[PDB]
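# Inside the fold
Each chain is listed here by its residues.
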Amino acid sequence: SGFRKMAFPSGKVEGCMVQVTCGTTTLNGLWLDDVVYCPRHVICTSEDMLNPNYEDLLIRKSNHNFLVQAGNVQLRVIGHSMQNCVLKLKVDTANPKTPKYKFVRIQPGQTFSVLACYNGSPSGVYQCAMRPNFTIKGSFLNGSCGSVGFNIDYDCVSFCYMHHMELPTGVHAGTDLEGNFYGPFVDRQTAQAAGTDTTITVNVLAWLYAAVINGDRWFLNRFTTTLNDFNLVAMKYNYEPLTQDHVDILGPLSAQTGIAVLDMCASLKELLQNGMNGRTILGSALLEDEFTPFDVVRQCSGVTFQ
Amino acid sequence: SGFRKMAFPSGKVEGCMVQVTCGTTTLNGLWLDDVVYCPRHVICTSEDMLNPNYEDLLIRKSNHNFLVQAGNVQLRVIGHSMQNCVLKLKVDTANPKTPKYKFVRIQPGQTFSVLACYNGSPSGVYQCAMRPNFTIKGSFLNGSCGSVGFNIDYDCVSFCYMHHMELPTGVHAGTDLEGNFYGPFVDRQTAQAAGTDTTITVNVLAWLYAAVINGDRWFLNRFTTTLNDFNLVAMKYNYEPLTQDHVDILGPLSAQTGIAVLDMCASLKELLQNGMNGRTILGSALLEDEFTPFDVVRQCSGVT
Ligand SMILES: O=C(c1cncc(Cl)c1)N1CCCN(Cc2ccccc2Cl)CC1
Ligand SMILES: O=C(c1cncc(Cl)c1)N1CCCN(Cc2ccccc2Cl)CC1
Ligand SMILES: [Br-]
Ligand SMILES: [Br-]
Ligand SMILES: [Cl-]
Ligand SMILES: [Cl-]
Ligand code: NA
């Protein structure tokens, strides 16, 4: 029993973190095989950030303008290239600790673990979700760029996020490992701002299924709903629309608990209307939306406490 | 900016997890140098758990009764002994991945990271606090015994918890790595229950300082209080008493924000008496108590 924001064990990623320096700027890089990946903004000064021309900034650099440090060892850069907003530094040594990995671009609502790093050294690990507005609510300070997000389902690390910056509301923006930003964000100091965020409905439903698996049903009711009437209500509380794909993904949790998805939707409609009335669900006084259906299956028992 | 429940990176501990089997029972063990540590209840059948005489059950076991697997490698057991509620299996191979470590016993209110494991394989990491009632609100299923809790300082892992059991309310109990239980719990299938818990006041104050650092200041006010008047309110609301040592431990956060601890106590007193009036602090509608003052400094200063 229990239910916690559970990250993946971070060791396979810790062994890939390095420090990258270009001039006076230092940030983190990810060392996989003979390539170190990092935000291309490592080649900018603070002044360059208003309107950088990265092609022009990069042509002016040699391989030896990049210093890469892995623990106490300097790696020699032997090539460089830019792919979208990531810089790829080829080094003379393949990382002997490279795990089995892949790169995956995720969709809004998906979760991942973040290994926050500073100066190439890991500081901590926590879970995040890609918000519907393409930001993440992380915990990052100056020096954290280049920290990555990943999942490790089945011994393969799937890297899905690299940190590039903090927006004015204190939320975070970054790219996939091919250097494409999530959302409309750019690696330039523009007036970009996080759009209005919404709640990840399918994840709130998955977390209510977790609460039923763990033994609580107080929030259920005798009603059902159509999918369209549920979306018309949910959108008034700034919840994302629930699609038939989301209903399908909740199928295994519905089967384990015997609660039809549209009947859990009716329970959520009533929780939005009433609140908790001084109760909590899985230790929370608010509806949680950063556990996916897959995350609930990963953590909960496969037997419901009936 | 931002404030998350953050665990320590778990790699140094992952390299120490192994599977221990005794008869039909399999659980996790911690392999440091040439010793594997695990709960002593690994030697019990379900029937033995009702009234185990561990000395007698262990006297009936020899080295060959224990199978230890580290990944795909079988480690041969060459000695065994118990220390309190932990079994120590001496193995023929020293763990080449043993980190610098210590065994430390923590106090209620302190936090730590848990590496949940099953079949010797790490599955997940999360942050927990030792509650005032000596339980932990973990997340564990069958097969998780032997999972450990730890903190890291520089390169040294301080192991502080080994998982033994779940209580009827779904919370967890276990020992330090010397096998001494936290709380009045025993490794026997007999009636046991978590006692009434209380809220860790010093941690709620640390989290209010984290909220101010992150720009959430609505709960600040012109008032101050005294330690005695504040403690009368803490007692009424089932909060732990605040001591002068807690005021001193909050010193660095008080210096960083410029807010005296008794000034923040007056804010907490008003939140206890009035609620949040529909507002949230750091995204929470509850007063969070599983961040210590050091956890806030660690996260708000980027310690690696
Ligand atoms: O280390 C951090 C940082 C990360 N995360 C959080 C915090 Cl509080 C600081 N930096 C360091 C300088 C680099 N810029 C890049 C940039 C700023 C604004 C628009 C776009 C871009 Cl790409 C990011 C800021
Ligand atoms: O794997 C788990 C487990 C751990 N954590 C959570 C859950 Cl849901 C199961 N087991 C496995 C059998 C062993 N007993 C030992 C024991 C039971 C009752 C009183 C005291 C003791 Cl020490 C613990 C239960
Ligand atoms: Br006053
Ligand atoms: Br909450
Ligand atoms: Cl949590
Ligand atoms: Cl995968
Ligand atoms: Na005040």
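Looking at the entry header, you'll see X-ray crystallography listed as the method and 1.336 Å as the resolution.

## Examining the interface of chain A and chain B
Tallying the contact residues gives 41 residues for chain A and 41 residues for chain B. Carbon and sulfur atoms supply 52% of the area that chain A and chain B bury against each other, a total of about 2,800 Å² over both sides. For the chain A face of the interface with chain B, the top three residues by lost area are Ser1(A), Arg4(A) and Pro9(A), together amounting to 25%. Linking chain A with chain B are two salt bridges. Here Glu290(B) and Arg4(A) are joined by a salt bridge, their closest N and O atoms 2.8 Å apart.

## What about the domain arrangement of chain B?
According to the domain assignment, chain B contains domain 1 (1-14 + 100-197), domain 2 (15-99) and domain 3 (198-301). The straight-line distance from the C-alpha centre of domain 2 of chain B to that of domain 3 of chain B is 43 Å.

## A look at the domain arrangement of chain A
All names here are of chain A. Assigned domains within chain A: domain 1 (1-14 + 100-197), domain 2 (15-99) and domain 3 (198-301). Here the C-alpha centre of domain 3 lies 25 Å away from the C-alpha centre of domain 1. Tallying the contact residues gives 21 residues for domain 1 and 21 residues for domain 3. Here domain 1 and domain 3 share an interface that buries about 1,700 Å² over both sides, 51% of which is from carbon and sulfur atoms. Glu290 is the partner of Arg131 in a salt bridge, and the nearest nitrogen-oxygen pair spans 2.8 Å. Taken together, domain 1 and domain 3 are joined by ten residue pairs in polar contact.

## Quick word on the site of ligand 1
Residue and element names in this part refer to chain A. Taken together, 17 residues sit near ligand 1, with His41, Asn142, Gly143, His163 and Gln189 positioned nearest. One of the side-chain N or O atoms of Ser144 is found 3.4 Å from a nitrogen atom in ligand 1. Within the side chain of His163, an N or O atom sits 2.9 Å from a nitrogen atom of ligand 1. The protein chains hide 77% of the 550 Å² of surface that ligand 1 would expose on its own. Per-class residue counts for the shell around ligand 1 are six nonpolar, eight polar and three charged.

## Some remarks on the coordination of the sodium ion (ligand 7)
Distances from the sodium ion (ligand 7) to its protein donors, namely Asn221(B) (O), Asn221(B) (OD1), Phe223(B) (O) and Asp263(B) (OD), fall within the range 2.2 to 2.6 Å. The exposure class of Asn221(B) is partly exposed, given its relative accessible area of 22%.

## Some words on the sheet that holds strand β4 (residues 66-70) of chain B
Residues and elements named next belong to chain B. Overall, antiparallel pairing links the seven strands, which are arranged β5-β4-β1-β2-β3-β7-β6 in an open sheet. Across the chains shown, the open sheet's two edge strands, defined by having one partner strand only, are β5 (73-75) and β6 (77-83). When the angles between neighbouring strand axes are averaged without regard to direction, this sheet yields 30 degrees. Note: β6 against strand β7 (residues 86-91), six bridges, orientation antiparallel. Residue pairing across strands places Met82 opposite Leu87, the latter belonging to β7.

## Describing the packing of aromatic side chains
Scanning the entire structure with this criterion turns up 16 aromatic pairs over all chains. Centre to centre, the rings of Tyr101(A) and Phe103(A) are 5.5 Å apart; their planes meet at 45 degrees, and the pair counts as tilted. Of the aromatic side chains, those joined through ring pairs into one cluster are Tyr37(A), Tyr101(A), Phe103(A) and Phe159(A). Lying across the ring of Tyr54(A), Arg40(A) places its NZ or CZ 3.9 Å from the centre. Across the ring face of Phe291(B), the terminal group of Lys5(B) is positioned such that the distance to the ring centre comes to 5.1 Å.

The rules behind each value
- Residues numbered from 1 in each chain as written, not as in the entry; some residues may be left out.
- Chains lettered and ligands numbered in written order.
- Heavy atoms only, no water.
- Residues with missing side-chain atoms left out of burial classes, pairs and counts.
- Contact = heavy atoms within 4.5 Å.
- Buried area = accessible area lost by both parts, 1.4 Å probe.
- Salt bridge = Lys/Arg side-chain N within 4 Å of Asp/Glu carboxyl O.
- Domains from an automatic or database assignment.
- Polar contact = N/O pair within 3.5 Å; in protein donor to acceptor, adjacent residues only side chain to side chain.
- Near = heavy atom within 4 Å.
- Areas by Shrake-Rupley, 256 points an atom, 1.4 Å probe, with all protein chains shown as cover.
- Nonpolar A, V, L, I, M, F, W, Y, C, P; charged D, E, K, R; others polar.
- Donors = N, O, S within 2.8 Å, 3.2 Å for Na, K, Ca; no water.
- Buried < 20%, exposed > 50% of the residue type's maximum accessible area, 1.4 Å probe, protein only.
- Pairing = 2+ DSSP bridges.
- Helix = DSSP H or I, 4+ residues; strand = E, 2+ residues; numbered from the N terminus.
- Axes fitted to C-alpha atoms, helices over the stretch in contact; angles between N-to-C directions.
- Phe/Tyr/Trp six-rings, centres within 6.5 Å; stacked < 30°, edge-to-face > 60°.
- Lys NZ or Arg CZ within 6 Å of the ring centre and 35° of its normal.

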